[PDB]
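Residue numbers (this note's numbering), protein chains in the order written: chain R, -5 to 226; chain C, -5 to 226; chain L, 3 to 235; chain Z, -5 to 226. Everything below concerns the one structure shown next.
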Amino acid sequence: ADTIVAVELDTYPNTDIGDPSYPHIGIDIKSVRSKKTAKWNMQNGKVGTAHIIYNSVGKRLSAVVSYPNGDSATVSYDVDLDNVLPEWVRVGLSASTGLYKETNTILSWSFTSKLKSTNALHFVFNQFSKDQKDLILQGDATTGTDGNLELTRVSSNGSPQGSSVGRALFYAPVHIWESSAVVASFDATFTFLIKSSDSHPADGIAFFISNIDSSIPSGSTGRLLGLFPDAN
Amino acid sequence: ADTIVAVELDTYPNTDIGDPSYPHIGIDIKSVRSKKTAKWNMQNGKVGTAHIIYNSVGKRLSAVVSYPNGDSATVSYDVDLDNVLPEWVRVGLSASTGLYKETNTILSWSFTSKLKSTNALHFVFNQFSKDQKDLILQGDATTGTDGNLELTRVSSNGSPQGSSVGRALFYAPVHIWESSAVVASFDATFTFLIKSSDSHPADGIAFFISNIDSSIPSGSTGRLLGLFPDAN
Amino acid sequence: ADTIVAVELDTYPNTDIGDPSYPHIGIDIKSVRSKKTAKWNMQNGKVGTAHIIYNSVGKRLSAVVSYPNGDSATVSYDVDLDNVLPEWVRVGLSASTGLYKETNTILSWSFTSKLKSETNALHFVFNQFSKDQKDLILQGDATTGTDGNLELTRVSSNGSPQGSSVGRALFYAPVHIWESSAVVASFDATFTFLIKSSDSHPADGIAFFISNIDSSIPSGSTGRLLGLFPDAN
Amino acid sequence: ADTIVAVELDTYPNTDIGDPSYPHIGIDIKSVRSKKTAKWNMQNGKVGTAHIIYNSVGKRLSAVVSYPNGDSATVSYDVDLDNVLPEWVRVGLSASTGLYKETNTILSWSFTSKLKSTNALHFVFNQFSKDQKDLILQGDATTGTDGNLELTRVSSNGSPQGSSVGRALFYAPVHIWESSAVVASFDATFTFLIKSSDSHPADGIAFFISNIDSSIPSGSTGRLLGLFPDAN
Ligand SMILES: Nc1ncnc2c1ncn2[C@H]1C[C@H](O)[C@@H](COP(=O)(O)OC[C@H]2O[C@@H](n3cnc4c(N)ncnc43)C[C@@H]2O)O1
């Protein structure tokens, strides 16, 4: 399918594939099986902010999820991404549901990347339009009017759908490393609103990186976050 | 063809269509006929820089072209681009030759846009990659090997070609003005080498703004700068 | 005294000295007499936002002040600041009160300057202020901190703001504002603010200013002179 | 003296104090003995760039020193700067000479810091003017006319003096870290020309962080890089 590097906000403990007994945050290289997890304290109904950072000098792809109360989840992964992604990729946001469900409402999304050899990209979405000409949208992802990006299906009465999946990706393919680059570095941030009413909500939100032509790998609702075509 | 708002570095004095009887810089709205021109003193074989600035509050469209020596040309035009551009555009560069020719070699290209309602796009190319996936090149425009975007066709021994039109469009649509935003604005910078040993070289370089789906009007080589299909 | 170049949010109609008969916004070159005014429609007790844009190529200095409900205000002014201000200045925020009063609560302050000669550039942004802010020269009744806010005019424990107050806040470093090398010498500056009162009118307002590195509140610049000018000249 | 954290471009193999026996770059914490080092092939008279990076999330400090023909050098140190620097600091540059001598010529210097709760500071010198009011100069450091900050004393004929200490500190302080800070991260950049025909040259260039009131320690000339009061 694609080649994927992603940041998982697993709200549901899918443990026969392999997720610890609780909600967590993970680093995925080419698999739904996180190379690294951290316990996360999903705070329902509140707006949280996520930051992801990587430089190719320190080689440690990192992630932070927090809330205004202050609760913070953190994970690291030493890696030369250099070895997993192509010279050209796209950047996007992913979120799914299944049996259990939640809203997946992104209120803003800002990303930056440089190749200090410079070449650099810096886009930042603080409010989303009804028709957003610079976002490829796949799956149940749809925007506007309340100004927000809605990654997963939400009906009229503020009710999240079971078995939904959606993705939004910036229009322009992002050069992310080169042979020329002395420093291949990126950062990316998003402010989300997960709120449900189940036992535990499901399934999560992910920031992702992959090949320019990445679509949804069919049958990736629920526990696969609309990212992988199997749980291998 | 398409809608245009552009900035000409008009080198060849095509006066049976309204150019002044000399090399000039000028602001064109919807026409190869500049609403304001200024005496440019071209400096052949040298590396110059153009800045274009527009802020939607004071509504003044501005342009500067300078050489390292210290010589500068300037041209203003007050206007609510509000009435000439659509909500969504594309941005790029254009150069052309006809009977007399020149090199049209962009060394760097950068652009920023914001909607302080904030939304913002900011790209900067200090080198041009061989297969540069985030550029929509059209006509004889091609990157590569020297590090540079060759807008008009050049032969192997460095000898430029006549009757050659070239264009380079940054990949993404660019929200340029919003109903919603309090301040809509942009800036655009580029470095060039124009070299020839003709009587006057021809025809000149342009930064342009036009509707997302924009293509070179046929027969727009030379004096029309790969921007307009009539001389109206 | 100093050099001032500022933008006033002139809430009180000081007219025996030449504002007009309403809350306005003005470009002030070296005079509390604004070279250009535009009607502003004060929306008491809401957070508004100002942008102040200047490029050296266009030579037009602009101002916008708006509220959430989208109510706008615009004024511009053609000028070469090349030739008023010197090569080096300080930049800041000023407010005042008098026989009438208001909160002068700045919530965020941001400023960016460039000399496109590969550039010399300065970008700072204040989304929180702190109980100490080692990078903000604080003059007069000014105080950061505690609620998170820069407090330019005296407020008390009871939310009740004090009449006849004056304050200034300035970034700690000088700013190369224009050079003889610079093809473009350009700034922009943004702030968000909360002005609340109850008096017949409130007074007196908020201003963004540029002046010499050594600038300091002129004596008796409380009230209609915004902690900006030693005379009504 | 005060408190230091720095990145050393150690050009002289000082070994009765620790330096590995060759030109290197090192991360120094509160001691001239680098807690980390890496071999660097000093390229005489050529212009090189150093990038430094740290994010409080992944807690890894990074340095690259490279010349334009591709040759790099890398060294990394995991550390919680919570612990070593204070809420408030000054950012500055240092170099020195001793028994042996070199040109300590900085051709550009830029730094950025943020507190992503955003509070941010972003400054950059691409040309150093003669009288510069935003720099604190210390020791033998001087600027202007040629366009470059001269960290150690060079006389008229361009002959670099032996036994010279110099420092340049950016005027305003920097909030490096706070308690509210969910992320607090920085990066620096500088371009430099070290030229000499000594035996081995000396002593090297360093980027530093330290407290607002910091100044050159007495007899910190030569092998101490104008940073440390003793060789401990
Ligand atoms: N809406 C925003 N949100 C969050 N950060 C923002 C935003 N808007 C600007 N920033 C900033 C923060 C970073 O400094 C920079 C990221 O890199 P770029 O790839 O654009 O390179 C550096 C930028 O910083 C500028 N700056 C101006 N002059 C010099 C300079 N000489 N060196 C470095 N940076 C400079 C120009 C470049 O656009 O963009």
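Built from N, CA and C at the ideal position, the CB exists for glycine as well.
Our contact map puts residue i next to residue j with C-beta atoms below 8 Å; I'd like the distance itself, whole angstroms only.
{"i": "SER104 (chain R)", "j": "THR43 (chain R)", "result": "Their Cβ separation, rounded to whole angstroms, is 11 Å, which puts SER104 (chain R) and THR43 (chain R) out of contact at 8 Å."}
{"i": "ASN226 (chain Z)", "j": "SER25 (chain Z)", "result": "6 Å"}
{"i": "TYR94 (chain C)", "j": "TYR16 (chain C)", "result": "About 15 Å; that fails the 8 Å criterion."}
{"i": "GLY138 (chain C)", "j": "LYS124 (chain C)", "result": "4 Å"}
{"i": "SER183 (chain L)", "j": "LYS116 (chain L)", "result": "12 Å between Cβ atoms; not a contact."}
{"i": "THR107 (chain L)", "j": "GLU181 (chain L)", "result": "Going by Cβ atoms, the distance from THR107 (chain L) to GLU181 (chain L) rounds to 35 Å, so no, they are not a contact pair."}
{"i": "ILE21 (chain Z)", "j": "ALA57 (chain Z)", "result": "7 Å"}
{"i": "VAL81 (chain L)", "j": "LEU63 (chain L)", "result": "6 Å"}
{"i": "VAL85 (chain Z)", "j": "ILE19 (chain Z)", "result": "Not confirmed; about 18 Å, so no contact."}
{"i": "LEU79 (chain Z)", "j": "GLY198 (chain Z)", "result": "Contact flag wrong, Cβ pair sits at about 22 Å."}
{"i": "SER157 (chain Z)", "j": "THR91 (chain Z)", "result": "6 Å"}
{"i": "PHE222 (chain C)", "j": "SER214 (chain C)", "result": "6 Å"}
{"i": "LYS40 (chain Z)", "j": "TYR61 (chain Z)", "result": "5 Å"}
{"i": "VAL168 (chain Z)", "j": "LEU115 (chain Z)", "result": "6 Å"}
In this structure, does DSSP put residue i in helix, strand or coil?
{"i": "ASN77 (chain R)", "result": "helix"}
{"i": "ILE11 (chain C)", "result": "helix"}
{"i": "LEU218 (chain Z)", "result": "helix"}
{"i": "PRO154 (chain R)", "result": "strand"}
{"i": "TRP34 (chain Z)", "result": "coil"}
{"i": "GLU96 (chain R)", "result": "coil"}
{"i": "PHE186 (chain R)", "result": "strand"}
{"i": "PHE180 (chain R)", "result": "strand"}
{"i": "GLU172 (chain Z)", "result": "coil"}
{"i": "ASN49 (chain C)", "result": "strand"}
{"i": "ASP125 (chain Z)", "result": "coil"}
{"i": "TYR165 (chain R)", "result": "coil"}
{"i": "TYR16 (chain R)", "result": "coil"}
{"i": "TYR71 (chain R)", "result": "strand"}
{"i": "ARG54 (chain C)", "result": "strand"}
{"i": "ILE219 (chain L)", "result": "coil"}
{"i": "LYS118 (chain L)", "result": "strand"}
{"i": "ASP22 (chain Z)", "result": "strand"}
In the DSSP assignment, what are the bridge partners of residue i?
{"i": "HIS194 (chain Z)", "result": "DSSP lists no partner for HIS194 (chain Z)."}
{"i": "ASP4 (chain Z)", "result": "Z:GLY198"}
{"i": "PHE117 (chain Z)", "result": "L:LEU124, Z:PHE105"}
{"i": "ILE203 (chain C)", "result": "C:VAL(-1), C:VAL85"}
{"i": "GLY160 (chain R)", "result": "R:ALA89, R:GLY133"}
{"i": "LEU143 (chain Z)", "result": "Z:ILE100"}
{"i": "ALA52 (chain L)", "result": "L:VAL67, L:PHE193"}
{"i": "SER66 (chain R)", "result": "R:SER60"}
Regarding residue i and ligand 2, is the C-beta to nearest heavy atom distance less than 6 Å?
{"i": "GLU120 (chain L)", "result": "Ligand 2 is absent from the structure shown, which contains only ligand 1."}
Selection of the stretch 110 to 125 of chain Z by Cβ proximity to chain L, strictly under 8 Å: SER111, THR112, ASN113, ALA114, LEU115, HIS116, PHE117, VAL118, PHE119, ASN120, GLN121, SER123
Below 6 Å from a heavy atom of ligand 1 - residues by beta-carbon: R:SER104, R:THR106, R:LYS108, R:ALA114, R:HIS116, R:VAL118, C:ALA114, C:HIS116, L:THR121, L:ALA123, Z:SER104, Z:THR106, Z:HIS116, Z:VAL118, Z:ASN120
Contact list for the stretch 157 to 181 of chain R against chain C, Cβ threshold 9 Å: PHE164, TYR165, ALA166, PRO167, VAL168, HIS169, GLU172, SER174
Selection of the stretch 29 to 61 of chain L by Cβ proximity to chain C, strictly under 7 Å: Of all residues in the stretch 29 to 61 of chain L, only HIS53, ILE55, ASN57, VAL59, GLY60 place a beta-carbon less than 7 Å from a beta-carbon of chain C.
Chain-ordered residues of the stretch 84 to 112 of chain R with a beta carbon less than 7 Å from chain Z: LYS110
Interfacial residues, the stretch 210 to 222 of chain L to chain Z, with Cβ spacing under 8 Å: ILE215
Cβ-based contacts, 8 Å cut-off: residues of the stretch 61 to 72 of chain Z near chain R: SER66, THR68, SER70
Residues, ordered as in the chain, of the stretch 127 to 147 of chain R that lie near chain C by beta-carbon distance below 7 Å: Of all residues in the stretch 127 to 147 of chain R, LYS127, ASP128 have a Cβ within less than 7 Å of some Cβ in chain C.
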